[PDB]
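> Let me give you the complex in parts, starting here:
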Amino acid sequence: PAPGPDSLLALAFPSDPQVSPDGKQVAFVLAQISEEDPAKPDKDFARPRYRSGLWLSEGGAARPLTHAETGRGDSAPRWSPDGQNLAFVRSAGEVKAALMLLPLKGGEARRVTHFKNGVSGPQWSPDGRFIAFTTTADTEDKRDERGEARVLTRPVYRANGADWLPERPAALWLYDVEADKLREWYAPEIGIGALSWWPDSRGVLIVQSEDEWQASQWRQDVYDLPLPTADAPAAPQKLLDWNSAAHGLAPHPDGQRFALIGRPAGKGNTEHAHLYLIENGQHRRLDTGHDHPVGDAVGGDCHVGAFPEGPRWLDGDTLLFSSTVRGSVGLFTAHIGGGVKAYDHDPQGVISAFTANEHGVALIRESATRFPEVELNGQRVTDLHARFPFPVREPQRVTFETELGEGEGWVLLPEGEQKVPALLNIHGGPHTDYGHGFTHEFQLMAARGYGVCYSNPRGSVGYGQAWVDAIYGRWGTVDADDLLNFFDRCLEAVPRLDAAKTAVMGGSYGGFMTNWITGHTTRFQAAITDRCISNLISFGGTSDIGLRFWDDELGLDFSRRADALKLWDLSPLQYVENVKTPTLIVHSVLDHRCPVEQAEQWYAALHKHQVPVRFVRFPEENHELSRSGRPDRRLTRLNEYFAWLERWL
Amino acid sequence: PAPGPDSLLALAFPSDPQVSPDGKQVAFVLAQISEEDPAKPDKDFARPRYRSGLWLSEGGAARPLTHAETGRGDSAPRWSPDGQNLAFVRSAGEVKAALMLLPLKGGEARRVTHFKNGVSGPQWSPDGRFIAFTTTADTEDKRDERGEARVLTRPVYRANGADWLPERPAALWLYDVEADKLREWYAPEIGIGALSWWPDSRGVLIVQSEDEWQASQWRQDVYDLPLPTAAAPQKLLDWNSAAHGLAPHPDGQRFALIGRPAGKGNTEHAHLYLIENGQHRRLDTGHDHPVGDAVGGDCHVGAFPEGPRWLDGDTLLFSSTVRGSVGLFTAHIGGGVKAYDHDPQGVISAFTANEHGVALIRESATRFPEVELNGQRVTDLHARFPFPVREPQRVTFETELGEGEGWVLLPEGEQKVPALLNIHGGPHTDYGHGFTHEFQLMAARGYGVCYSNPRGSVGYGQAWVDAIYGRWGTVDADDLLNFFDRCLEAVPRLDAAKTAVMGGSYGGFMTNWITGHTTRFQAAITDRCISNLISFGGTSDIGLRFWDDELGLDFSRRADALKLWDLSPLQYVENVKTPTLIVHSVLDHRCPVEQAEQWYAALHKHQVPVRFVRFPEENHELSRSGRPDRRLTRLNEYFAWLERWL
């Protein structure tokens, strides 16, 4: 009786670990899986849905604070600075996303905002006088319901996850706590990215672009926005000429300097995200001597909800942050006066989210063998791994050689000693890591008798900037070599892996690479290409990041004749005439990162060559289907994976 | 400009003051008036609605505990015996009436029950192990939506406040708190009235009737219902009469009840009776006044508990109506009645108590209802009253039974003003020292309000009640017109040329009777009236017993029916010349709308100026708790009629 994809339904998903100001408590979000309407379920069609509530721990086993029975539930808990109140966002039917205020010592939450479109991103001011948030307020767009045309004049008009961008960006609003009054603060023309209060509560720092074109090129600046004074608020004032990517604003305790996460101008999206200290328009690198990116970039599929990673000053010299290192994610401290020091770094573990102050730290921790758990000051306060309904297995490391040094990957074997099929899984990005995140999909594959082989070829993100740069402008060369070398090393190192029953699969860049590999070797008996890329030229025109992705990743501009020919030579579809491998195609109609036209071309081309092919087309979902899509569609995706593997081995 | 009926919309209405077990806190219900759906209101039609939330005080200014924005809101707060949780009932849209559990030390409430028709009347067991409640569970009746006939075989099939009685009465259920499990306890064939746990939590006392006929005659008994084990109730008092307010004695064997023993009938004052081994003896001796609040007012929305409570083994706390006031008193096993908290100028309309504290709602003729805990006011609701309140003056009249009393509420200034004779219903209730927004609004709009307690009123001894038995329209009509004449003599500002007469229910009967026997009044407003006592007997939800108890007359017997016709104001309608406004609700089952239709037709046939305001959906309780917009409309129609005729 081997486990199936519905094992997912047994899991509950933690997110957003928010430490209290006094450091002694953590409030977090837990998504459970329930019926859309448990009162009136459909006899013929099950409807498993995410439903979230707020949980609280003061050191011991966490307890629920809210009890949502309908709607998506409650999210985004935010402590008042006096520790007596939780602001949060509630979603229940026609209540899209309303700001709630919950007294923690007794009584129910009060609804603070009454907007048709709800709110997002609530942040208290440090003095507790204000709550900042964004909202599109009561603006109505009836073009879709009426069947009217959409007129497009802006370079980017779609975004994965948000679908169609609104004509007016969400405005920044201010909740006056003492006066119990709401007020618009700043309506941006383009949009507000990262936001953080100054520690004296005088205003906020915000990231925005100059125009839509600059935004499409991932070029942003930092602005100072003080509290409003008259009936007409003051406008933002440019405070850093950055002209590049920036988020994670971390104002320094002194109220004048601040850190940001990003990359200086010139450097493209392949550059490691790093920490930069800003002082009077000047910048210098803060996380020196640390050849690794800021933030979690390690694969996993048990993350639903918000995972905060904003850097936090523990004192006047010490900035706490997370960083991806060789398939792990640890906490580190950057120092104004010195280099980077480890703070909490298990090389076999992943810290996916954290909050901190001078009095305590809360985080979510996981490994390849341990489901995500919530911790407060080193003490686990959840028991979520115990819900995992079948035994987890431990991967074994297998290395391979490259001219830049040793690369690594892993093999997860089933029980027993008999021959088993070998599955080459390729992570996306390409600048992410496989390794020590928890992957329900991989554990399920091993529980169903497959050997899972997954690795970090050149291009992966946790092994230094040079390892990333090795594939610049030449996808399909040394990255493909590393993947097939790794897989060959797996077959040599683990004799029970059946070299006559192999498959190759991957998503996003891994979908590109699955298409590239099957077009360049017939060795695999089956392939599963997920949210794939087949035509790099059409990607440039249809993707929500097409106006800049190939420029940064390959130095190629699809709108220029000479570059377009190179992009066509890098396109797996050019070589599709050589594909003989039975291929399952999985794609979502509302994927704006890799538009479904990518999958349609691969499907049609394989059909024209009479290659066995199957195309699972998910509606409504986007790129994030395998990590956070609607539960029934995550089941269907997994069912289709195993059905294809069972047919071909 | 003068204030109008919309002054009602500024008010918030307190109810159900529940003292905590340790006596140091009070949780209560506050109804505010908001739009039915503030998100999508109708531009063309305002929809003000009652919406209730729970409030809490530990000695200081009360703070809100719940924040309902849709539906009727939250009601019926009940403390867990350990003081850490509040059970309550939530109604929000399609959620009809769910039992909720709110932890008081932090966190939101959890929903405990999931019935299509919701629940009512939750009561914790004293040990905290159980919550008892009633529900019709998921029973569905599609007769009305499909247009099928209703087959009636039972004597009583409608009840005011509700509509059509269900074929099966609500069953009593048990919530096992520790096990988080629900279970049906007892499905009665007729119905459960009062209910109270034994102090040892072994079971409950319940009031029931034997069959449909006994229920229609208001004859009930008390039963012992133990906790289920593998359970049937056993009769322990042969009462065959009216009983409620079960108050089990701390010793776990004796208990008190409010009611009357079988004999004289329901005109007898309700009293306190101690029960021991099927035996009863009156507990509130030497106190010729009824138990409970029977004083008029119009600022009571929600539940107003008055269940007696043992302060110790000898002392039973209860409320009683005395000459237009309602005070708290203590009855003693070893002695008589002692005053506990009795202002002869004030009304305590609801209270809860234990050995550690008391909470109550208090009001006067000049002071809006407020919540108190151990003598300290914890609300500021009078401050919401949007115009100045004025002080009534007392005016007496003489009868063969002694002095009767009434009051005049005058507007500001010194000029002549019209005189409005208002007649309270019942007839066995009192005017006096309850807060009446309607009367204050009348005075605020330039009218003199005259209101009194004629013989038949309830707070002046049993003899004062009995004086009208079997002869409505004699000495009660005399007292009202005697009182009114004394008002004109005592208060020269009252304009004897601009007079009106008005009243509701029995006051509607009397307004019709008076206009049919004198033309002295320039205008009349008859509200939820009675015009035909014969048809009332057949149509009213209490017609099978009301005239028998009140008059000794059976409409189904020839000789009695003729007497009922001689008591009917419609017999004398040929003498009415007074312009009359008729106010009635279509779903009034206490005084059915056929009463108003006959008066309307009769006046039309005599070409008497007449106007008939017919409210849908509302019932008898419109003026005290109807939907806010229809309470406004009723008041608007009152003043429009008075403005036309003065």
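Yep, it's here. Residues are numbered from 1 along each chain as shown, chains lettered A, B, ... in the order given.
> hey, let's count contacts and neighbours off CA atoms from now on
Fine.
> Can you list the buried residues in stretch A:414-425?
A:414, A:419, A:420, A:421, A:422, A:423, A:424, A:425 (16 or more other CA atoms under 10 Å in any protein chain shown).
> So which of the residues you listed are in strands?
Judged by DSSP state E, the subset of the buried residues of stretch A:414-425 located in strands is A:420, A:421, A:422, A:423, A:424, A:425.
> any chance of the buried residues of stretch A:414-425 in TSV, plus distance to chain B?
Converted to TSV, those look like this (distance: CA to the nearest CA, whole Å):
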residue	distance to chain B
A:414	42
A:419	50
A:420	48
A:421	49
A:422	49
A:423	47
A:424	48
A:425	44
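> Which strand or helix spans residue A:32?
Per DSSP states H and E: residue A:32 is located in strand A:26-35.
> Against which helices or strands is that strand packed?
Packing partners of strand A:26-35 (3 or more CA pairs under 8 Å, 6 or more residues apart in numbering or on different chains; DSSP states H and E): strand A:13-19, strand A:48-57, strand A:73-79.
> Can you add mean neighbour count and distance to residue A:566 and give those strands back as CSV?
Shown next, in CSV, are the helices and strands packed on strand A:26-35 (neighbours: other CA atoms under 10 Å in any protein chain shown; distance: least, CA to CA, whole Å):
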stretch, mean neighbour count, distance to residue A:566
strand A:13-19, 27, 42
strand A:48-57, 23, 44
strand A:73-79, 25, 45
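> Ok, which of these comes nearest residue A:611?
strand A:48-57 (35.2 Å; CA to CA).
> So which elements touch that closest one?
Right, strand A:48-57 is packed against strand A:26-35, strand A:63-64, strand A:73-79, helix A:631-648 by 3+ CA pairs under 8 Å, 6+ apart.
> Show me the helices in the stretch 51-200 of chain A, by range?
A:143-146 (DSSP state H, counting those that start in this stretch).
> burial measure for the closest residue to chain B within it, as a count.
Evaluated by CA to the nearest CA, the stretch 51-200 of chain A has residue A:106 as its residue closest to chain B, separated by 4.0 Å. A total of 16 residues lie near residue A:106 under the criterion other CA atoms under 10 Å in any protein chain shown.
> wait, doesn't it sit right on residue B:107?
Yes: under the criterion of CA atoms under 8 Å, residue A:106 makes contact with residue B:107 at 6.4 Å.
> Wait, residue A:587 touches residue A:528, no?
No: if you go by CA under 8 Å, residue A:587 and residue A:528 don't touch, sitting 10.8 Å apart.
> Where does residue A:492 sit: helix, strand or coil?
helix (DSSP: H, G, I helix; E, B strand; the rest coil).
> So residue A:150 is in contact with residue A:141, correct?
No: if you go by CA under 8 Å, residue A:150 and residue A:141 don't touch, sitting 10.6 Å apart.
> what residues do these two have in common as contacts?
Common neighbours of residue A:150 and residue A:141, using CA atoms under 8 Å, 6 or more residues apart in numbering or on different chains, do not exist here.
> The residue of the stretch 451-600 of chain A found nearest chain B in helix, strand or coil?
Here the stretch 451-600 of chain A gets closest to chain B at one residue, residue A:590, 31.0 Å apart by CA to the nearest CA. Of the three states, residue A:590 takes coil according to three-state DSSP.
> show me the contacts for it.
Contact partners of residue A:590, counting by CA under 8 Å, 6+ apart, are A:160, A:163, A:596, A:619, A:620, A:621, A:622, A:623.
> Leaving out the residues flanking it, which one is nearest to the third one?
Spatially, and ignoring its direct neighbours in sequence, residue A:596 is nearest to residue A:589 (5.8 Å; CA to CA, 6 or more residues apart in numbering or on different chains).
> build in chain C:
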Amino acid sequence: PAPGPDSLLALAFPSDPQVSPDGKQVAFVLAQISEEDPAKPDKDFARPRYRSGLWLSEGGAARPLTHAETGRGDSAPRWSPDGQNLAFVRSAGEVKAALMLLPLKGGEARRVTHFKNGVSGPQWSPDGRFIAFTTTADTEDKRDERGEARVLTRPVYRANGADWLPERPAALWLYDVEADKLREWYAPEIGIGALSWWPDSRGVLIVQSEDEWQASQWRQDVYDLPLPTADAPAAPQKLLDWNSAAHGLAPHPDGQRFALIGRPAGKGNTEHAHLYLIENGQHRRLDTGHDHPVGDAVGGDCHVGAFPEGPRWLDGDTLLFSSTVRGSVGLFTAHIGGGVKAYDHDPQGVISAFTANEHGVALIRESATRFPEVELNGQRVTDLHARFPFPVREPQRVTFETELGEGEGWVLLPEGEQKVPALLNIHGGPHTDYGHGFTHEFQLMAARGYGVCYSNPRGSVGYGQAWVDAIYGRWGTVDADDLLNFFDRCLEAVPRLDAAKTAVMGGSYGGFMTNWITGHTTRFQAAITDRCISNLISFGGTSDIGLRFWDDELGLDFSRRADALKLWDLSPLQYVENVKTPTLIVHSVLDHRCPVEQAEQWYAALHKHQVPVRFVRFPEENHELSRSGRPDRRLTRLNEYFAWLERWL
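Let me put chain C in with the others:
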């Protein structure tokens, strides 16, 4: 296996027989019984409904012209004078009652009006240039849906057929046929009763009351309304000071004189309706030597829809009309120059509706043994009796003596010769007749083993004015005597009638009399009182005709003290203490003729005496339940009748 009430569902119901102008064709309405939505019926709840279409015959078997599949269907066919078009009214869902125009030589109907509340009573002008009709147009009344109060200042505010009366009465509109234009003609302040065009198409005659009070007293006048000329139409002009009851205006061919049906001012509602010739403010009786009322006043239960009976001039001297004579309804001609002559009068048959001109006649004919059929110029064109699903039986006449001469009634016996129960059935009115209408209910009673005894006591309408007047002011005396004497004569004349198993039943006045009889004798083993009267005083206040009924029928005014006491002495409820007979009470909540408070008092009183009693309370229905209510509720009423008889015999 004996037939049950569902035998009704096999029947189809004819109405409105409209002869063509050339006299060679008939168009009529046929209501069939179908499911509310035959596509989606309710598995647990059947919904049989009337659905009507138009039918046409030119001498032979009639054929359908319309094919309604949803809604109530099509009604009120009206020939254009050139014989080429049918106007009619269509009801289908949200299409409440639209004026349609159907070409008869080919093509489908066009919708002519577009009002929210539809139209009613279409009449072509004789020259074909206009169609007159009434409508409340697009007026909306939202008090009920909003829950607002209704303010009543008018003496009469309800009507049995229309429930609640509107604040503004339906206005008279004009359709300009050649111009295809609609136009308001006259908005009456009180209301328009009968209406007829002048033969020269110059305008219409209309009946109206002076004010609301006069209308409640059944006092009306005739007005002349010419065609409009300017933007504001000319007002109606008073043309006959009648101050009494009037309908059935029949303009004379000379264009100046006209006949009306009604009674002169002096007489009350007990006077036979007669024909009056009007000429320049003068009136004289036209149907002289004919001591019988105009119109069908004979009981039956197979009439659904409109049954026109308007008198028609066959020439300058001859007025065709129908009249009720001893339980029959025949056609007669009144003459300006002479007396009344029989035209088509079967003393065993009932002509319930007719239309005529100088070229032909169409009508509906029935008997006690013959279901209604449609005729054209003497030729039957339907086959509806063949649909009657069980054999009909023939009644036998039984007479009784009165001081005014011999009264008559009938016995309908079951098959066989064994003893059977005897049912005394009492017709309403009281000024109607039993006799020679077709009664499904009686045939079904006999088919289920009951002997049906039904008669015409003094008070009935077909035996002369004196026979009517005999009960004036003293209901419960000689009428009750005649009924029990007739019933006694039945038991004597038919020995198989079981005198130990008898029941008494009746509706309206028959309900009053059923209540009166059980309160004055215990001889009956069961009683069924239908839409009854128990309290004559409360009736005066609650009935839609209470302001005048007792005044005309008894000379008593419930609003006057001395009269009210007499009304109480005539009230069956005074004598309810003597009732011992198990009684079934049938009543409809929206009965405004006999309000349900009448039944509630009888029910309560019987309960107070512990007399076996059962109360069937129908929602939505009115007084007309047994003759035209919703089919499922006619079944339930009949089921309850037989269940009560089966329990007690």
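> back to the buried residues of stretch A:414-425, now that we've got chain C?
Applying 16+ other CA under 10 Å to stretch A:414-425 flags A:414, A:419, A:420, A:421, A:422, A:423, A:424, A:425 as buried.
> isn't the fifth one right next to residue A:495, touching?
No: applying CA under 8 Å as the test, residue A:422 and residue A:495 come out as separate, 10.7 Å apart.
> thinking again about what came up before, save the buried residues of stretch A:414-425 as JSON lines, and put in distance to chain C too.
Shown next, in JSON lines, are these (distance: CA to the nearest CA, whole Å):
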{"residue": "A:414", "distance to chain C": "54"}
{"residue": "A:419", "distance to chain C": "58"}
{"residue": "A:420", "distance to chain C": "55"}
{"residue": "A:421", "distance to chain C": "54"}
{"residue": "A:422", "distance to chain C": "55"}
{"residue": "A:423", "distance to chain C": "53"}
{"residue": "A:424", "distance to chain C": "54"}
{"residue": "A:425", "distance to chain C": "52"}
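> Would you check which pair of those lies furthest apart?
A:419 and A:425 (18.8 Å).
> which residues does the closest residue to residue A:482 other than its chain neighbours contact?
Nearest residue to residue A:482, sequence neighbours excluded (CA to CA, 6+ apart): residue A:457, at 5.2 Å. By CA under 8 Å, 6+ apart, residue A:457 lies in contact with A:407, A:408, A:479, A:480, A:482, A:483.
> what angle do the strand holding residue A:32 and strand A:13-19 make?
160 degrees (axes from the mean of the first three to the mean of the last three CA atoms, to 10 degrees).
> what's strand A:26-35 in contact with?
Contact with strand A:26-35 is made by A:9-20, A:41, A:46-58, A:74-77, A:304-305, A:362, A:376, A:631, as judged by CA under 8 Å, 6+ apart.
> Just the closest residue of chain A to chain C, please.
Closest point on chain A to chain C, by CA to the nearest CA, is residue A:43, at 18.3 Å.
> Measure how buried that residue is and give me the count.
6.
> do the same with residue A:404
10.
> and if you look at residue A:562?
11.
> Check the one 10 residues further on too.
Using other CA under 10 Å, residue A:572 has 24 other residues around it.
> residues touching it, list them.
Applying CA under 8 Å, 6+ apart, the residues near residue A:572 are A:512, A:515, A:516, A:519, A:533, A:534, A:535.
> circling back: dump the contacts of residue A:457 to TSV, plus neighbour count.
TSV is the format used below for these (neighbours: other CA atoms under 10 Å in any protein chain shown):
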residue	neighbour count
A:407	22
A:408	19
A:479	20
A:480	19
A:482	21
A:483	25
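> Which members of these are the farthest-apart pair?
A:408 and A:480 (14.4 Å).
> Just read off the phi/psi values of the spatially most distant residue from the centre of chain A.
Residue farthest from the centre of chain A, counting by CA atoms, centre = their mean, is residue A:230 at 39.8 Å. Main-chain torsions, residue A:230, degrees, to the nearest 10: phi -100, psi -170.
> same deal with residue A:289?
phi 70, psi 20.
> Does it touch residue A:339 like I think?
Yes: if you go by CA under 8 Å, residue A:289 and residue A:339 touch, sitting 6.1 Å apart.
> Could you list which residues are in contact with residue A:158?
Contacts of residue A:158 (CA under 8 Å, 6+ apart): A:164, A:165, A:544, A:592.
> What's the ChimeraX line that selects buried ones from those?
This is how ChimeraX selects the buried members of the contacts of residue A:158, with burial counted by 16+ other CA under 10 Å:
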select /A:544,592
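> Which two among the contacts of residue A:158 are spaced furthest apart?
A:165 and A:592 (11.8 Å).
> Does residue A:182 touch residue A:137 like I think?
No: between residue A:182 and residue A:137 there is no contact under CA under 8 Å: 11.3 Å.
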